[PDB]
Amino acid sequence: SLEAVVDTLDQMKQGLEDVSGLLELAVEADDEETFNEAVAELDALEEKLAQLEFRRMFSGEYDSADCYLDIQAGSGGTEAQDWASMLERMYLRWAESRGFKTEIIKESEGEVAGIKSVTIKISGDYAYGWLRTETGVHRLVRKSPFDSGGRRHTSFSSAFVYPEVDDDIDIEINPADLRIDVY
Amino acid sequence: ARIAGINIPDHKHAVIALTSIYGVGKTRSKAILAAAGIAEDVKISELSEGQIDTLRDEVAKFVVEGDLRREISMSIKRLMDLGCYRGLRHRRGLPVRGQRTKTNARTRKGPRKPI
Amino acid sequence: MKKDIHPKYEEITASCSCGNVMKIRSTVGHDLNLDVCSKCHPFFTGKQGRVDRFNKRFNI
Amino acid sequence: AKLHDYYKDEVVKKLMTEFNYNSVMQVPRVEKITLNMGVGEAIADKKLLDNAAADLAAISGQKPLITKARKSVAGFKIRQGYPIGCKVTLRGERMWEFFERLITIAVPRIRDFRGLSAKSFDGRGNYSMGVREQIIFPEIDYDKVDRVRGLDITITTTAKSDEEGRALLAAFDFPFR
Amino acid sequence: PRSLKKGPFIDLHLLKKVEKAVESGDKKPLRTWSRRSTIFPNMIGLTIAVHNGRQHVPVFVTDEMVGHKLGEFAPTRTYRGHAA
Amino acid sequence: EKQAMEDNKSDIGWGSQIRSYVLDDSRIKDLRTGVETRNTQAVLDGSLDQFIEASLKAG
RNA sequence: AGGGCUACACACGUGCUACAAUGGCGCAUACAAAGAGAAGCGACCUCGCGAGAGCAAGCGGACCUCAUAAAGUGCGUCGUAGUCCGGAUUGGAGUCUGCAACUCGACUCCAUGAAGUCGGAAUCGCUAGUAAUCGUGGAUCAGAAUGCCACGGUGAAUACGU
RNA sequence: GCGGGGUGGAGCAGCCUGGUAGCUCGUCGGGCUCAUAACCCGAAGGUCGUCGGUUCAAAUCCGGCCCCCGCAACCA
RNA sequence: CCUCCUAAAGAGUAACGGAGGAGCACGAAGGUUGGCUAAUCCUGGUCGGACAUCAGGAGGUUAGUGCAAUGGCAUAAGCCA
Ligand SMILES: [K+]
Ligand SMILES: [K+]
Ligand SMILES: [K+]
Ligand SMILES: [K+]
Ligand SMILES: [K+]
Ligand SMILES: [K+]
Ligand SMILES: [K+]
Ligand SMILES: [K+]
Ligand SMILES: [K+]
Ligand SMILES: [Mg+2]
Ligand SMILES: [Mg+2]
Ligand SMILES: [Mg+2]
Ligand SMILES: [Mg+2]
Ligand SMILES: [Mg+2]
Ligand SMILES: [Mg+2]
Ligand SMILES: [Mg+2]
Ligand SMILES: [Mg+2]
Ligand SMILES: [Mg+2]
Ligand SMILES: [Mg+2]
Ligand SMILES: [Mg+2]
Ligand SMILES: [Mg+2]
Ligand SMILES: [Mg+2]
Ligand SMILES: [Mg+2]
Ligand SMILES: [Mg+2]
Ligand SMILES: [Mg+2]
Ligand SMILES: [Mg+2]
Ligand SMILES: [Mg+2]
Ligand SMILES: [Zn+2]
C-alpha cells in the first residue's frame, strides 16, 4: 500500500518534471507533434491525479452510494421554516449543477411559510460522498420578514445526509439451528 | 356561384362573396371586379352565367385555394427543414416574429396548459 | 330493375364553360351548367431557386 | 353507353396490342362498380342513415341496399344485425353511365384535385377510391345538403393483376397521378 | 430587411475568407463571429463555424441557405423545457 | 441503532452550527474549515463546491 | 468581438384592442388647443398602390414646417352574422434609420384570419367641464410608446342621507 | 372448514341486476387578510388487489393467486 | 335430472373419485317449398382508428347450433326468404 502511494507520487513528480522538460523542448523546437504528444501525456497524468484525488476525497465505505438528505427547521420557528425552504432550494440547485438526479420523497410545509421538513433522494456517482459533509445545523442571520419590527434574528436548520443501503436479505432458519420438543 | 372549386355566397355583394376564396381579400376582390367590369354592390345571384365565367377567368390570374395552400406549406416546410431560427420557432409552435414568450403568446401556444 | 322503387333517371344536357356539351342520363331534372369539366380542368389538360432569386434581386 | 362503345371500339384494340392477348376474351372488362357509404353514426339516429341512402340513390340512380353489422363490435357500440351502411352495385348500362359521369363531371369537381393515386389497386386489378364530399356530384343540391357525406367507389374488374387493371383504367383516361 | 438599393451586407473579413477558401479549395471550416453576414451563393459547400455566443456551431452551407444571415443557423439560447 | 443515530444528532439550536450565513454582513463562513465567502447570492444559488471540497480536502 | 438583459410548463399587477348597429365600411364636408424645429422642421413638384424616394422653397419662427384634428354632420351600404364584428397569428414582397435590423426595430403592400358574443369569487376610479369618449403635441430619442408628461373637442348620471 | 372485504392521498358508495366510478375530507389555482387559518370562487386526481377466464362489452359475472377481516375448530 | 371420464372396444358398473350443466326458451326458434354457405387472415378503400360498412384474394368449417358436454350435421341439423 505504501509503495502504491509513494511510487504513485514519485512517478507523478518525475512525470511532471519530464513533461515540463519535454514541453520546453517542444515549444523551443516548434514541434507540433511533440506538443500534441506532451498535451496527451499531461492529460493522462491529470486524469491519474484526479483519480487518486477522488479516492482520497472518498475513502469512506458508502461514499459511492446514492444518498438521502433530510432538512428540518429549528429554533427560528417560521423564520426557521423559511430558512429550511431556502436550504432545500440551494441543495437542489447544487445537485442540478453536479448532474445528480433528485426527487422529493416526503415534505411537510410550514403553515405560515417555508417547510417544516423535507426528505430528498439524490442519485448519482458518489452522491453520498459528495454530500456527506453537509450534515449538520446551518445558522442564518438576517432581518426576519416575520417580525413586525424587522429585528435581526438568528434561525437554525438541520441537514442530515445518510446513504441508501440495500435492505438485508431475510433468510429462513437453518433446521440444524433448531431443537424441537414434543410433549 | 361555384368559383375556384368552391361555392361563393349568392346573397352577398360581389366583393364580399369573392373574399370567400382562399387567397382573395378585399383588395384582390376589388381588382377582380374592376377587371371584370361588374359593380361591387351587385349580388352574386343577380349575375348572368357569362359574368361568372369572366369572374373565373379573372380569378385564374391569381394563385388561390389549393395552389396557395401548398405554396405556404412548402415555404413553412422549407424553413423547418433548413432549421433556421424561424424554422425552429415553427417546429416548437412559438411566435416566429420575435414576440415575447414570458407572457401572452397564447395564439401560438394554444390555451393555457396547467402544470 | 324493380319498378316504382328507383329514382327517376332520364337524360339531360350538361354544358360547360369551355363549350363542351355532353348529353348524359342523370337523376337531376334540370340541364346542368358546369364551371369545369374533364375537357378543360387543369389536371386533365396537363397545364396544372434561392440562388436565382438572390442574383436577381441583388444585381451587382 | 358512350363509354361502353368506346371500350368495345378502342380499349379492346389498345389492350390487345399492348398485352399481346391471343383472344379478345382475355381483355379485362369492368365487371361492376360498387358505391358504399359507411354511416356508423346512424346508431344514434337511424334517420341519418335514411338521408345518406337518399344521397346515394341520387348519386347512383338506384335504390341502395342497407347493410347491417356482420357481428357485434363493442369498440363502436354496434350489435349484430344493426344497420350501419348503404351500398349500390352498378352493372352494365347504369355502370357505364355512372363511370362516364364520375370521369367527366364528378372528378373535375373534386376540391383541389391533383390526381387519383395509381397504387390503390387491391393486388388483383380492382380499384378503390374515396370521395370526401358528395357535393362533387351535381345531383346533390348544395342548398339542400344536411351533412357532409362521403363514400367509397370500387371498380371491380376481370383483370388478373394490378398492371392490367391500371392499363384498362388508363385506357379510359382515368386521371391517375 | 436591408434596403435593396444598399445590396446585401457581409463583413469584409468574412467576404475575404470566403473568397480565399473558394480559390484555394480548402476544406477547413471557416471560424467566424460575423453572425450578421448574409450567406452568398459562392459559400455553398463550405463549412462555416458561426459563433453562437459561447462556441462556434458548424454550418454546412447549402443553396437553400442563400440570402439568410449566418446567425439564423446558430441558436444562442439553450432550452429543453420546464418540468424536465 | 437508529435511536443511537437520532440521539447522536446535534440540536437544531443555539450553539451548534457547521456553517453561518449572515446576510446583513454579507458573509458566509464554515466553522469547521474556516472557508469564508462574500457572494451570499451565489452560495444560496448553489455554489457549495468551495465548502464541500474544503471539507473533503480537510477530511 | 460575439451572446444575454427580449428565454417560457406557469402565477400576478398596470395597460391597449375588442367582443358590434349609440356600430363597421365608402364618399363628401365642418369646428381646436397646446407644442417642437438647424447634424433640425422640411413645403412644393415628380415618381411609387403604399411605407417612402428624387429634386428642392421657407423658417432659429404670431411669418416657414411638422400639420387635413378626430369624434361630428350628410348620403349610401351592411341587417345581427363570429358577421363587411375582431385583428391576433403566419407566408410572401418591400421602405427607412443605422457600420450592422438573425437572435432582437418600426412601418408599408398582398395574402392569412385566432381567441373573443360583455367575463366567477372578488375588486377599482370618479361629485362638473368631472367621469366617459375623441383626436393633438412633447421629452427620452439615429431608429424604436399601447408607457409617461401635456393640450384641446364632445360631454353626462347621481349625492335622499350618515 | 364457512363467510365477508381490497375503488382518486384517507374514509366510505357504486357489484347484487355487465355498458354509465359518486360522497366527505384532502391536493392544486384564484380571491379575502398586514399575514395565516376560517371562509368564497374554480380545478385536478382511481383504467377498481393480482392474474387470468366469460362476454360484442366486466369495478361488476366466474376461477386461481396475494393481503386483510370475521366466525368455526368439538366428543377426545 | 342431463354430458364426459373412471368403465377393462355390446349393455351395465362404485367411492365425501376427476370435470361441467339443468329446474327453461320459442306461434317461431315449429311445418313445408325455394334458395344459400362459415371462422380467420391479407390487400385496396371517406370520415373509419386494433376492430363498423365496401371490393377482391387466401383458407376450407379452424364456423354455427337458444343455453353444459358428448355424439352428429354440406342432401346440411348451419343461414335467408
Ligand atoms: K422574444
Ligand atoms: K400598454
Ligand atoms: K388587464
Ligand atoms: K370574418
Ligand atoms: K434587431
Ligand atoms: K373585464
Ligand atoms: K423618436
Ligand atoms: K365406457
Ligand atoms: K320459413
Ligand atoms: Mg418586441
Ligand atoms: Mg459588448
Ligand atoms: Mg428587463
Ligand atoms: Mg373589419
Ligand atoms: Mg390585410
Ligand atoms: Mg369561439
Ligand atoms: Mg354577435
Ligand atoms: Mg373631492
Ligand atoms: Mg387618448
Ligand atoms: Mg418630439
Ligand atoms: Mg366498465
Ligand atoms: Mg361399455
Ligand atoms: Mg368390456
Ligand atoms: Mg354390480
Ligand atoms: Mg354395486
Ligand atoms: Mg332450430
Ligand atoms: Mg331446403
Ligand atoms: Mg330447421
Ligand atoms: Zn369544360
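The figures here come from the full heavy-atom set of this structure, side chains too, leaving out hydrogens, waters and symmetry mates. Numbered from 1 within each chain, the chains take letters A, B, ... in sequence-line order.
Within residues 71-81 of chain D, no residue places a heavy atom under 4.0 Å from RNA chain G. A heavy atom lying under 4.0 Å from RNA chain G marks the following residues of residues 51-60 of chain C, by number: C/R53, C/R57.
D/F176 and D/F121 have tilted rings, their planes meeting at an angle from 30° to 60° on a 0 to 90° scale.
OP1 and OP2 of G/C102 both lie 4.0 Å or more from every side-chain N or O belonging to B/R89. For G/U90, one of the phosphate oxygens OP1 or OP2 lies less than 4.0 angstrom from a side-chain nitrogen or oxygen of B/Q99. Put simply, B/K12 has a side-chain N or O that comes within less than 4.0 Å of OP1 or OP2 on G/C84. Contact between the side-chain N/O atoms of D/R124 and the OP1/OP2 oxygens of I/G45 is not found at any separation under 4.0 Å. Phosphate proximity of G/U89 to B/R97: absent, as no side-chain N or O sits under 4.0 Å from OP1 or OP2. Side-chain nitrogen and oxygen atoms of E/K5 include at least one within less than 4.0 Å of the OP1 or OP2 phosphate oxygen of G/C96. Look at E/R36 and you won't find any side-chain N or O under 4.0 angstrom from OP1 or OP2 of G/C104. A close approach under 4.0 Å does occur between a side-chain nitrogen or oxygen of B/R86 and OP1 or OP2 of G/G92. When the side-chain nitrogen and oxygen atoms of E/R2 are compared with OP1 and OP2 of G/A101, one or more of them lie within a distance under 4.0 Å. Of the side-chain N and O atoms in E/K69, one or more sit less than 4.0 angstrom from OP1 or OP2 of G/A101. For I/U40, one of the phosphate oxygens OP1 or OP2 lies less than 4.0 angstrom from a side-chain nitrogen or oxygen of D/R70.
Under the side-chain hydrogen bond (donor to acceptor under 3.5 Å, both in side chains) criterion, the residue pairs touching residues 65-77 of chain D are D/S72-D/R79, with sequence neighbours excluded.
Nucleic acid contact for D/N126: sugar-phosphate only, since backbone atoms but no base atoms lie under 4.0 Å from a heavy atom of the residue. Looking at heavy-atom distances under 4.0 Å, B/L94 makes contact with sugar-phosphate atoms alone, never a base. Residue contacts shown for D/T67 are limited to sugar-phosphate atoms, with no base heavy atom under 4.0 Å away. Counting any heavy atom pair closer than 4.0 Å across all strands shown, E/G81 reaches no nucleic acid atom. Here E/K6 lies in heavy-atom contact (under 4.0 Å) with a base. Across all strands shown, B/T103 has heavy atoms under 4.0 Å from base atoms, whether or not it also approaches the sugar-phosphate. Residue B/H90 is in sugar-phosphate contact alone, with no base atom involved, counting any heavy-atom pair closer than 4.0 Å across all strands shown. Using a 4.0 Å heavy-atom cutoff across all strands shown, B/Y22 reaches sugar-phosphate atoms only and no base atom. As judged by a 4.0 angstrom heavy-atom cut-off over every strand, E/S3 is placed among the base-contacting residues. Here D/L35 lies out of heavy-atom contact (under 4.0 Å) with every strand.
Under the Watson-Crick and G-U wobble criteria, each requiring two contacts below 3.5 Å, nucleotide G/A53 is paired to G/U46.
I/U62 and I/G66: their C1' atoms are spaced 23 Å apart (whole Å). Using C1' as the reference atom, G/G147 and G/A28 are 37 Å apart when rounded to the nearest Å. Taking atom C1' in both G/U73 and G/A69, the straight-line distance is 15 Å, to the nearest Å.
Here CZ of B/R108 is found 6.0 Å from NE2 of B/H90. Values are rounded to the nearest 0.5 Å.
The CG-P distance, from B/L88 to G/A7, rounds to 16 Å in whole Å.
Residues D/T156 and D/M95 have side chains not in contact (no heavy-atom distance under 4.5 Å, counting atoms from C-beta outward).
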